[PDB]
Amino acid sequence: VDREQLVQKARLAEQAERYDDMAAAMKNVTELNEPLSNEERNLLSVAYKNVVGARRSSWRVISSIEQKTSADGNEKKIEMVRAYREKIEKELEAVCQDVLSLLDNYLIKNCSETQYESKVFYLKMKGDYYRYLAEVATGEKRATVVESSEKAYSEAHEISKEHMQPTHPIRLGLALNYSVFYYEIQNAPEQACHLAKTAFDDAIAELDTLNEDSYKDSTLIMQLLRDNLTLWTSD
């Protein structure tokens, strides 16, 4: 199959809500070792976000049941629940490793020196999928993926600050997820609030830089940055 047919299969699967088929198609496109367009980049992101998202949602539901089931003290039930959580965990981890290998061996690798937007987009993705791994990990395994997530976000933040405008949706989007990482994963609310406030204040200072085509996308993230800050400074 030619590249165009694969991109069109991903577009069909998205409409058919068959995200495993969409991810498979976009993985094949990535494996052609040619750079992805803005459309192709988002098709891949949406596909894998929905695939991992299904496991994340299931894991949260099972974990919630596991916490309640542990209280009643039902030996046979607790093990069955624990085992099911582990089954979903393994599925989630496999999806993350699948994404992370595409990012490390194809996507980040093929970014040119001047391709700043793509480099930030993929490093943010790297940060996100290591954060999704952190969400389910414990002990030293958790410490490892948390370190990896920080390294990816930190690199993306340095590039975006240097080459992207504070109002850029990719830059704001990274600041949103990186602040979420600080609060939820690192349990650093002071660092989380500082990052979210700086990103919001810098974008507010240069509202004149908003692009007619992406102003709505930027303001949507800016709202989430304030919503999170309001929440974090209430708690």
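Sequential numbering from 1, following the sequence displayed. Under this definition, the rigid core comprises the largest set of C-alpha atoms superposing within 1.5 Å between the forms.
When the other structures are laid on the shown form by the rigid core, the stretch among 202-210 and 176-184 with the greater C-alpha deviation in 8 other deposited structures of this protein turns out to be 202-210. In the comparison with other entries of the same protein, residue 70 is left without coordinates in at least one third of those covering both sides of it. Averaged over their C-alpha atoms, the temperature factors of 192-200 and 56-64 are higher for 192-200.
Taking the PDB entry as given, 67-75 carries the higher mean Cα B factor of the two stretches 122-130 and 67-75. In the deposited coordinates, the residue among 113, 150, 104, 135 with the greatest CA B-factor is 113.
Listed residues 29, 170, 47, 210 were ranked by CA B-factor as deposited; 210 comes out on top.
Residue-level temperature factors show residue 175 in the middle third of its chain, judged at the C-alpha atom. When the modelled residues of the chain are ordered by their C-alpha B factor, residue 96 lands in the lowest third. Among the modelled residues of its chain, residue 162 has a C-alpha B-factor that falls in the highest third, as given in the PDB entry. When all modelled residues of the chain are sorted by CA temperature factor, residue 51 is found within the lowest third.
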